[PDB]
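Below is one structure, written out as C-alpha cells, with a few remarks after it.
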Amino acid sequence: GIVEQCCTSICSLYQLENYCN
Amino acid sequence: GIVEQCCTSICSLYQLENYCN
Amino acid sequence: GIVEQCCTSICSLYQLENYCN
Amino acid sequence: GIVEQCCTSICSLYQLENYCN
Amino acid sequence: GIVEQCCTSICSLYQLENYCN
Amino acid sequence: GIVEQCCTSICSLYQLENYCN
Amino acid sequence: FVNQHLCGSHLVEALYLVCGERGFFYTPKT
Amino acid sequence: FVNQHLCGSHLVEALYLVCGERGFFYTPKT
Amino acid sequence: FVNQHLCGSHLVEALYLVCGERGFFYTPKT
Amino acid sequence: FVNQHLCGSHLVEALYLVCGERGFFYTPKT
Amino acid sequence: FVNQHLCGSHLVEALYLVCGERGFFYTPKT
Amino acid sequence: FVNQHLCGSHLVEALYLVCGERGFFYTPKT
Ligand SMILES: [Zn+2]
Ligand SMILES: [Zn+2]
C-alpha cells in the first residue's frame, strides 16, 4: 500500500492526498 | 476530540491509543 | 516574507513552492 | 545498549522508560 | 534550568553543550 | 556537495555553517 | 507524573509512536 | 511538487502537511 | 479547506517536502 | 503499545514522549 | 546574530545534534 | 560539537539550528 510504496519506491503528494479524510 | 483531548487539554500515551486502528 | 506569509499568516503548499530553487 | 538495540533490533516503550529520570 | 535557559530564554548551540555528557 | 557528504560520509556543524545566509 | 500538550505534527508523531503497524486516524475536526 | 521517498515517521509528517485540517488515515500493511 | 500556520523547523520541513531535489532558500529576515 | 525500530534522532523523540516531564538520559555506546 | 527559543521536542533534537555520541541529559525539572 | 551523519530532512533540521535567523540555502545535487 501507500506506506510501503513511499518507502521502497517513491510516491507523490497527489497519491498521499488520497489518504486525507 | 483528539485535538481537544491532547493538544488543548493533555493526554497520556495510553489515551492516544484510543485513535489507533 | 516566508515567515510573514506562512507562519504569521497561513499559506498553501503551492505558495511554499515560491521558495524553491 | 538501548540506543543500539532500538536501531539494530526493536525495543519497547517499556524498555525506553528505564531511561527516564 | 535547560528549559529556563533555552526555551523560556534563548541560548546558543555552545550553551546547549552544557547538557552533554 | 554538502547534502551528499553529510549523508554518505559525515559532516561538521562548521561545514554546515557555510550554507547560512 | 503529569502530561504535556501534543499538538499538530507533534501529535501525529505521538500517534505513530503508540500505534505503529496498527495504523491510526488523525481527524482534528471530530 | 516533487516525488517523495518517505519511510517511518517521515511519511506521517508528509500526510500531516498534505492533508491539513482534513486529517488523514495512516494504514500500513501488517 | 483552509491552511494552517507553519513556523520554524516545521516551515523548513514543509519546504523540504515541496521542493526536495530542487533545493530551496529559507530567509526569514527577507 | 507496539514495539519500535528507532535510529538516530527518532530514538530521542521517543524518549521525549515516553518520559515527559521526568526527562531522560540519552547514552549511546562510544 | 541573536538566538531563538528551543522548546520540547525541538530542544532535545538540538541536544542530540550538538552532543551526539557523547550523550546528554534532558532534565526539565532541574 | 560532534560530527554528523545527516540524510534527508534531518540535514534540513540541522541547517535550521546552525543558521538560526540567518537562514540558509538547501542545495542538493540533481
Ligand atoms: Zn513544534
Ligand atoms: Zn529519519
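All residue names refer to the C-alpha cells as shown: chains lettered A, B, ... in order, residues numbered from 1 in each chain, ligands numbered from 1 in order.
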Original post:
If you count only C-alpha atoms, which residues fall within 9 Å of segment 1-18 of chain H, apart from same-chain ones fewer than 6 positions away, as a VMD selection string?
Top reply: (chain A and resid 3 to 14 16 to 17 19 to 20) or (chain C and resid 13 to 14 17) or (chain G and resid 8 to 9 12 to 13 16 to 17 20 26) or (chain H and resid 24 to 26) or (chain I and resid 13 to 14 17 to 22) or (chain J and resid 10) or (chain L and resid 9)
Original post:
Could you give the C-alpha RMSD in Å for chain F superposed on chain E, pairing all atoms in order?
Top reply: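 With all C-alpha atoms paired in order, the RMSD is 1.1 Å.
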**OP:** Quote the spacing between atom CA of residue 1 of chain A and atom 1 (Zn, counted along the ligand's line) of ligand 1 in Å to one decimal place.
**Re:**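 These two atoms are separated by 28.9 Å.
Interatomic distance, atom CA of residue 23 of chain G against atom CA of residue 21 of chain B: 5.3 Å.
As for atom CA of residue 18 of chain F and atom CA of residue 28 of chain L, they are spaced 14.4 Å apart.
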Please, which residues of chain J, numbered as in this document, come out alpha helix (DSSP H) from DSSP, as a PDB file with N, CA, C and O atoms, in the first residue's frame?
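Full text of part_36.pdb as output:
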```
ATOM      1  N   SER J   9      17.937  10.409  15.681  1.00  0.00           N
ATOM      2  CA  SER J   9      17.114  11.349  16.391  1.00  0.00           C
ATOM      3  C   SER J   9      15.749  10.790  16.667  1.00  0.00           C
ATOM      4  O   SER J   9      15.044  11.307  17.581  1.00  0.00           O
ATOM      5  N   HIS J  10      15.278   9.798  15.929  1.00  0.00           N
ATOM      6  CA  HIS J  10      13.950   9.236  16.225  1.00  0.00           C
ATOM      7  C   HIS J  10      13.927   8.601  17.605  1.00  0.00           C
ATOM      8  O   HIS J  10      12.853   8.586  18.261  1.00  0.00           O
ATOM      9  N   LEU J  11      15.037   8.064  18.072  1.00  0.00           N
ATOM     10  CA  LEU J  11      15.023   7.490  19.428  1.00  0.00           C
ATOM     11  C   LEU J  11      14.863   8.602  20.470  1.00  0.00           C
ATOM     12  O   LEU J  11      14.150   8.408  21.456  1.00  0.00           O
ATOM     13  N   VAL J  12      15.503   9.728  20.210  1.00  0.00           N
ATOM     14  CA  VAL J  12      15.382  10.874  21.101  1.00  0.00           C
ATOM     15  C   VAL J  12      13.945  11.365  21.204  1.00  0.00           C
ATOM     16  O   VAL J  12      13.494  11.619  22.324  1.00  0.00           O
ATOM     17  N   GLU J  13      13.268  11.499  20.085  1.00  0.00           N
ATOM     18  CA  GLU J  13      11.861  11.848  20.021  1.00  0.00           C
ATOM     19  C   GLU J  13      11.031  10.890  20.879  1.00  0.00           C
ATOM     20  O   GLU J  13      10.133  11.318  21.604  1.00  0.00           O
ATOM     21  N   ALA J  14      11.296   9.584  20.766  1.00  0.00           N
ATOM     22  CA  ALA J  14      10.536   8.601  21.533  1.00  0.00           C
ATOM     23  C   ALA J  14      10.775   8.729  23.026  1.00  0.00           C
ATOM     24  O   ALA J  14       9.822   8.662  23.814  1.00  0.00           O
ATOM     25  N   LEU J  15      12.011   8.913  23.438  1.00  0.00           N
ATOM     26  CA  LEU J  15      12.321   9.127  24.838  1.00  0.00           C
ATOM     27  C   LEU J  15      11.594  10.359  25.358  1.00  0.00           C
ATOM     28  O   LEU J  15      11.075  10.380  26.488  1.00  0.00           O
ATOM     29  N   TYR J  16      11.590  11.426  24.571  1.00  0.00           N
ATOM     30  CA  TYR J  16      10.888  12.659  24.973  1.00  0.00           C
ATOM     31  C   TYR J  16       9.453  12.377  25.261  1.00  0.00           C
ATOM     32  O   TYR J  16       8.903  12.841  26.277  1.00  0.00           O
ATOM     33  N   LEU J  17       8.796  11.656  24.377  1.00  0.00           N
ATOM     34  CA  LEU J  17       7.372  11.360  24.566  1.00  0.00           C
ATOM     35  C   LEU J  17       7.105  10.425  25.718  1.00  0.00           C
ATOM     36  O   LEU J  17       6.153  10.627  26.448  1.00  0.00           O
ATOM     37  N   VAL J  18       7.885   9.366  25.841  1.00  0.00           N
ATOM     38  CA  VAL J  18       7.698   8.420  26.953  1.00  0.00           C
ATOM     39  C   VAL J  18       7.897   9.090  28.285  1.00  0.00           C
ATOM     40  O   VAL J  18       7.104   8.888  29.221  1.00  0.00           O
ATOM     41  N   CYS J  19       8.939   9.889  28.414  1.00  0.00           N
ATOM     42  CA  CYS J  19       9.359  10.368  29.700  1.00  0.00           C
ATOM     43  C   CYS J  19       8.674  11.649  30.141  1.00  0.00           C
ATOM     44  O   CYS J  19       8.514  11.876  31.339  1.00  0.00           O
TER      45      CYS J  19
END
```
Subject >> DSSP-assigned strand (DSSP E or B) among chain L, expressed as a ChimeraX atom specification >> reply: /L:4,24-26
